[PDB]
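Asker: no sequence for this one, just the structure:
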């Protein structure tokens, strides 16, 4: 509009350089991000959830699947998808998309969750259908299947759409927290960082508990701060108690 | 300008949908927020303040107001208001507004603070006048009244303006920290998250202390990083030491 | 465009005011920030690094130069400079700049790092050249000189040009973490907050360790989430395993 333009400077004046044309994909990504960033007023909430019992449960279930030879591995991100899916039911406004002119809100009745997955071509986001209607075992098989397909790059565009919400877990690579960008036309995204044993006050003394840090970036046009806090809390509570497993 | 449009998707290829029009109030706020988001380069500072003594002082104070029947609950946010007000005097540049062209900064000598209150239609921000000249009892009394007014939706436009700074306390609902958006034409906003008992090093051992996490988002055109850190430290030091309060 | 204008309010209605015109510098940096904020999709990563051994080594080195009277104070930010420079080597894509149209990426082979320094007129960012080639003692002396120069306001043009990466350490003044704005045309910026002794699990008990909080904002058009995590982890690992030097 009436602002300063990009800073054009001769980099060779300082030393050797090398210029590279981005891939066509990297360009599309960059274009979507520039739009998302400018159009969506971002607010990020941070939180930590006690997954001590979730972890013991996950290992317990993997053992049971091992003795009867099921060839299925339950990763912790499966429980995160389920916790998110449950939360989208209780707070339907997070399961939505805002119109282009920002006038109308489309409330989605179906629950599909995109999960960021690392490929040699950087992160991509496959979408899992009806997370709310599928069990841990079935989702784990899907995640397993989609994983290798992801790392090979044999991915169809059709598999990468229909998302209502995104989960990005980068804790395996690091960070204690992060502030992600919302994936339009979705209205929110959950970030997951590395877990760690922490001293938690029980009322008389500190006790070691396995804490999982999470973050929630949301479109502030659609969601207000109070509703954001209620949402990340529900996810917290759900993850810190796996009685949701016994339907 | 020359960027991609909002994605168009036929959402019904996926399942049942329901399109709904936003409320009048909602379109206005989201329109304010879009402007605030792009015209204000945001920096967010995070911090934690030891409120162990403040909590004991607060429960002591209104158990005596109960003894004299003053009909007033002292909420924690009242103390945060005073701490912010005191910090605004010590660093006047935080109590200001940038002109549209960004050449002129208006330093305000008055101190009014907007505080976010939850209502049936979401958070609203009523403004409290001369926070630096009012006592804990008076502010708490206004707070009870104005919050009650806000929930019924009877708030007046005059009670919604004159703001110099904004406080948003959502810790009663959750989060350990958050990064809020500045409410133009203001310059800074303070967020308050949920408190927790945490192990704090005393020099020889860890001891349990009640820690309140706070956050400060500010207009980086007006405020640089060092002053932002100095500002949140003052708020921290004021809340962690009730002497500075009185 | 199709957006609200800046709010228009007469503030004298509410009480005493005083309008002040910004200095030229303040106007200039504010204009830069407004563009950077809008043109760069920001993502901020957070982390903590165990600097217990670094701090013990740093104090040993200072006490040595002290008795020899060599006039050199090693500050923690010098180690961070070395850690970042090293990371810039391992992950060259952070050592770069994106074109105005966002189609071309300029990979640099030189490593210059700007470090935020406080002055009577606020923070300024003088650039230190060839950090990957220079030692800790040498950088410490450079830092002392340029810092005194900045506080006196005698920094040349060239002394503040050529940066590839910015480090802003405000931990001496406060904060437990913060999310800074990328200094275009750079691609990332590292913030450093106040260190504190924290309990750390060793497998059977909590032991006290000195933890330094760091944060990383970056141009998400160039850097994705995974590589952002890898980058901040390298700096973390380098700072916690001082042996690596």
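Answerer: That came in fine, so what should we check first? Numbering: from 1, shown residues only, chains lettered A, B, ... in the order given.
Asker: make it CA atoms for all contacts and neighbour counts henceforth
Answerer: OK.
Asker: and residue A:191, what element?
Answerer: strand A:188-192 (DSSP states H and E).
Asker: scratch that, residue A:198
Answerer: Under the criterion of DSSP H and E, residue A:198 resides in strand A:196-201.
Asker: Just read off the phi/psi values of the residue nearest the centre of chain A.
Answerer: Most central in chain A under Cα atoms, centre = their mean is residue A:167, positioned 1.3 Å from the mean C-alpha point. Dihedral pair for residue A:167: phi -120, psi 120, per degrees, to the nearest 10.
Asker: Over to residue A:184?
Answerer: phi -50, psi 150.
Asker: Which strand runs longest in chain A?
Answerer: Determined from DSSP state E, the single longest strand within chain A is strand A:206-219.
Asker: That one: partners in the sheet, and parallel or antiparallel?
Answerer: For strand A:206-219, the paired strands and their directions (DSSP bridges) read strand A:42-50 (antiparallel), strand A:188-192 (antiparallel), strand A:196-201 (antiparallel).
Asker: how far is it from where the chain is centred?
Answerer: Centroid separation between strand A:206-219 and its chain, computed with Cα atoms, centre = their mean, to the nearest Å, is 13 Å.
Asker: residue ranges of the strands in chain A, please?
Answerer: Along chain A, counting by DSSP E, strands occupy A:17-21, A:42-50, A:96-98, A:104-108, A:112-115, A:117-119, A:122-124, A:127-129, A:165-169, A:177-179, A:188-192, A:196-201, A:206-219.
Asker: For residue B:126, see how far away residue A:14 is.
Answerer: Residue A:14 is 54 Å from residue B:126, where distance means Cα to Cα, to the nearest Å.
Asker: Check whether stretch A:87-105 comes near chain C.
Answerer: No: against chain C, stretch A:87-105 shows no contacts by Cα under 8 Å from any Cα of the partner chain, the least distance being 9.7 Å.
Asker: Return the residues in contact with the residue of chain A positioned farthest from its centre.
Answerer: Distance from the C-alpha centroid of chain A, by Cα atoms, centre = their mean, peaks at residue A:13 (42.1 Å). Taking Cα atoms under 8 Å, 6 or more residues apart in numbering or on different chains, we find residue A:13 in contact with no residue.
Asker: Next one: residue A:82 relative to chain C, how far apart?
Answerer: Separation of residue A:82 from chain C (Cα to the nearest Cα, to the nearest Å): 23 Å.
Asker: picking up where we left off before, most tightly surrounded among the strands paired with strand A:206-219?
Answerer: The highest mean neighbour count among the strands paired with strand A:206-219, using mean count of other Cα atoms under 10 Å in any protein chain shown, belongs to strand A:188-192: a mean of 26.
Asker: what's the offset of that one from the middle of its chain?
Answerer: Counting by Cα atoms, centre = their mean, strand A:188-192 comes out at 4 Å from the chain centroid.
Asker: so that strand versus strand A:165-169, what angle?
Answerer: 20 degrees (axes from the mean of the first three to the mean of the last three Cα atoms, to 10 degrees).
Asker: For the closest residue to residue A:129 other than its chain neighbours, which residues are in contact?
Answerer: Of all residues not flanking residue A:129 in the chain, residue A:112 sits nearest, at 4.6 Å (Cα to Cα, 6 or more residues apart in numbering or on different chains). Counting by Cα under 8 Å, 6+ apart, residue A:112 makes contact with A:127, A:128, A:129, A:130, A:131, A:162, A:163, A:164, A:165.
Asker: Reformat those as JSON lines; add neighbour count.
Answerer: Converted to JSON lines, these look like this (neighbours: other Cα atoms under 10 Å in any protein chain shown):
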{"residue": "A:127", "neighbour count": "21"}
{"residue": "A:128", "neighbour count": "23"}
{"residue": "A:129", "neighbour count": "19"}
{"residue": "A:130", "neighbour count": "13"}
{"residue": "A:131", "neighbour count": "22"}
{"residue": "A:162", "neighbour count": "24"}
{"residue": "A:163", "neighbour count": "25"}
{"residue": "A:164", "neighbour count": "30"}
{"residue": "A:165", "neighbour count": "27"}
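Asker: which other residues reach the longest strand of chain A?
Answerer: If you take Cα under 8 Å, 6+ apart as the criterion, strand A:206-219 is touched by A:40-52, A:176-182, A:187-201, A:228, A:232, B:199.
Asker: Over to stretch A:229-239?
Answerer: With Cα under 8 Å, 6+ apart as the test, stretch A:229-239 has contacts from A:45, A:47-51, A:54, A:79-80, A:83-84, A:87, A:91, A:215-216, A:244, B:170, B:173-175.
Asker: again, 7 Å this time
Answerer: Residues outside stretch A:229-239 that contact it (Cα atoms under 7 Å, 6 or more residues apart in numbering or on different chains) are A:49, A:51, A:80, A:83, A:84, A:87, A:216, B:173, B:174, B:175.
Asker: what's the burial count for residue A:9?
Answerer: For residue A:9, the neighbour count with other Cα atoms under 10 Å in any protein chain shown is 10.
Asker: same question, residue A:155
Answerer: By other Cα under 10 Å, neighbour count at residue A:155 equals 14.
Asker: Leaving out sequence neighbours, find the closest residue to it.
Answerer: Of all residues not flanking residue A:155 in the chain, residue A:149 sits nearest, at 6.4 Å (Cα to Cα, 6+ apart).
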